[PDB]
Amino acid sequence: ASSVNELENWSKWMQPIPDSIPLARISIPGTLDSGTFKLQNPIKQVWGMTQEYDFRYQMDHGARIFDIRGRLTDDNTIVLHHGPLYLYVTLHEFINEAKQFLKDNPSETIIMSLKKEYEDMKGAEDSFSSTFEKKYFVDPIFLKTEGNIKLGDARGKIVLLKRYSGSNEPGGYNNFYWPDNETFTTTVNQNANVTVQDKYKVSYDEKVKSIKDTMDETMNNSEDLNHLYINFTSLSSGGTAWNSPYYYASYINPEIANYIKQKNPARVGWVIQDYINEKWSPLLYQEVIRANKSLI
């Protein structure tokens, strides 16, 4: 309704935000490689794994943006993958948890980034894009409206963020440029712009600076509703032992959590991170949600 105490309820933090506001303006916490919580093997975790708890936990902690990577199986089904590794998760598994969360908390909405992570299996009857639309995207939860999506036409639906080419069914965010490992800017739909900082695999120093720099612009340009700001706090960088996404996340998450606190911004943008949990002292996702206080 009209109170900043509705931002402290994670499951329904999107309730008090007016139905007028374009999803881009709102600042939302997200999860990188959302389906890696099932990796329990040691040599698998230090490489793949970027999250520890399931989707529902992720959503109950305030997360609304999910990085979903997939591969086409010969059984004609889309499954979650981290590079070549088969995460023991599937798409239906994700779409079903979303619906569950959205039924219990209809005041919310989840944005689902979908990207082809691995080459299709030979048995594949149809293509990856076509198989997704024909068998999944056709479900009624997926919002089929485009343009600058308002929080009003998104409640209860799933705002798909296409990150795969060859789409044929309208709905959500259209596939835009997006180069490998770096910060960039391009134009999305009719009325929109995107500045994304996906600088994975880079030094810790450079990384932190890139997050702060990117978050610095979103802060100044707080009233440009026509501008998407995706800020990835993830540091993939392999190296195994204490180089893993977990080692890095221990510093970056709290680090950025303070940055947002101290500065007391009016906009922080869509912040995607690794290891959403409650270990980290400051809590990034909570601070990202809180910066939306300016919208009520």
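Numbering starts at 1 and follows the sequence shown.
Mean CA B-factor, 95-103 versus 166-174: the higher value falls on 166-174. Per the PDB record, of the two stretches 61-69 and 267-275, 267-275 carries the greater mean B-factor over its C-alpha atoms.
For the set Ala249, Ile43, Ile230, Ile256, the PDB entry puts the maximum C-alpha B factor at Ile43.
The entry lists C-alpha B-factors for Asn76, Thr183, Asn226, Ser130, and the highest of these is at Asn226. Among all modelled residues in this chain, the alpha-carbon of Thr214 has a temperature factor (C-alpha) in the highest third. Among all modelled residues in its chain, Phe137 ranks in the middle third by Cα B-factor. Placement of the Cα temperature factor of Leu284 within the chain: lowest third of the modelled residues, per the deposited record. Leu32: CA B factor in the middle third of modelled residues in this chain (values from the PDB entry). Placement of the Cα temperature factor of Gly83 within the chain: middle third of the modelled residues, per the deposited record.
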